[PDB]
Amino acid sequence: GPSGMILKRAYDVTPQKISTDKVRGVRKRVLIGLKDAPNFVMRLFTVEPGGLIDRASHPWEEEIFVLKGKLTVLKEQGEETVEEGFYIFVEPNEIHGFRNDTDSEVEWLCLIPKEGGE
């Protein structure tokens, strides 16, 4: 494929509002998307106060790094809050979700194999 290097301020990427049956109060920035990635994609998620990504599972893994705030992670059994500087590995098919129980925006990097889209 193409040559070169992209270097960009992540916040300059246009966010997309996510509103589905299981997601509310979330915006996503596709940093390294399907148009460019040979193998896996990089997204930056922002969750507003009270926002929620309800428990779900999917047949690809997810790799996360928490960039800002206190993120509540929903698990098959119960929940756990993590903060900036934590990483999360979600195995394929593992139940997971996310909630923001704080008064300010929470952000994380999420990477998936490109077969799961962007």
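The first residue of the sequence shown is number 1, and the count goes up from there.
Look at the C-alpha B-factors of 76 to 84 and of 33 to 41. On average they run higher in 76 to 84. Averaged over their C-alpha atoms, the temperature factors of 46 to 54 and 59 to 67 are higher for 46 to 54.
Sorting the modelled residues of the chain by their CA temperature factor places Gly1 in the highest third. For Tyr11, the recorded CA temperature factor ranks within the highest third of the chain's modelled residues. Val106: CA B factor lies in the middle third for its chain, per the PDB record.
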